């Protein structure tokens, strides 16, 4: 259901700090037309941390309606509060999302029993498929392979992982412990190539916001087994992947999209800031031009 290049969509804001709904709808249409295979609204890259409950729901709602069944929608339902996750998960189901992305809780650092209680409570509260989002670089704690396998064995609708660890040996361990039917998606653009050869089938991607067509061509080469061609795309994309997280990727992606002529403002919500260093903007501009993305 979810495979190849799946953008973790930005949430564009107006000059007055409201949701820029027109810009968001335009962004989704453009992503679909350039070859993105699925959509993740209201995730980390969507600045879900700085959305209200109502805005978060509206972002998921708009994405589902705009996709109109052409591509599947995996709604962000991540929280460090299980009660809030269930409410976001039930909202997404009732509005027509195809699946849920649920991050390992951040800041309060549950132990293994807490991870089982968190993901099990969410799984019992909806019937949608659930992807575990494992990202210790943001959550500190890491779900281990034993816990992940127990959850897959216990709950039929825990079906996959967004693995942002960048340690691709874990993809082998997850494939063996959880089964080859467990759906593994890379959560790290720069290692998504090797992640797929270890058993992944796609990437929930930051860079796809900015370069959706090449990102899709890259994942298509992989799924066709043309790994020589996939490595050519990797060499082209790698500098952009890297330049987009010199500073926080939220503001770097919006900077790049604005520069490319997309109708996306630079506005982000504190504690993100839209001011980038000149050296950062230079690195992004050079990586964009290497790929050849400026229409002008």
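Positions refer to the first chain, counted from 1.
Asker: Which of the two stretches, 195-203 or 91-99, shows the higher mean Cα temperature factor in the record?
Answerer: The stretch with the larger mean CA B-factor is 91-99.
Asker: For the stretches 127-135 and 221-229, which has the higher mean C-alpha B-factor as given in the deposited record?
Answerer: The entry gives the higher C-alpha B-factor average to 221-229.
Asker: Using only the C-alpha B-factors in the record, can you name which of 244, 40, 264, 237 has the highest?
Answerer: Reading the PDB entry, the winner on C-alpha B-factor is 264.
Asker: Per the coordinate record, which of the options 71, 115, 215, 161 holds the highest CA temperature factor?
Answerer: The record points to 71.
Asker: Rank-wise, by C-alpha B-factor, drop residue 153 into the lowest, middle or highest third of its chain.
Answerer: It falls in the top third of the chain.
Asker: Per the entry's values, where does residue 121 land by CA temperature factor relative to the rest of its chain, in the lowest, middle or highest third?
Answerer: Highest third of the chain for residue 121's C-alpha B-factor.
Asker: Where does the C-alpha B-factor of residue 18 rank in its chain, lowest, middle or highest third?
Answerer: It falls in the top third of the chain.
Asker: Using the temperature factors of the C-alpha atoms in this entry, rank residue 184 within its chain: lowest, middle or highest third.
Answerer: It belongs to the lowest third of the chain when residues are ordered by C-alpha B-factor.
Asker: Sort the modelled residues of this chain by their C-alpha B factor and say whether residue 6 lands in the lowest, middle or highest third.
Answerer: Lowest third.
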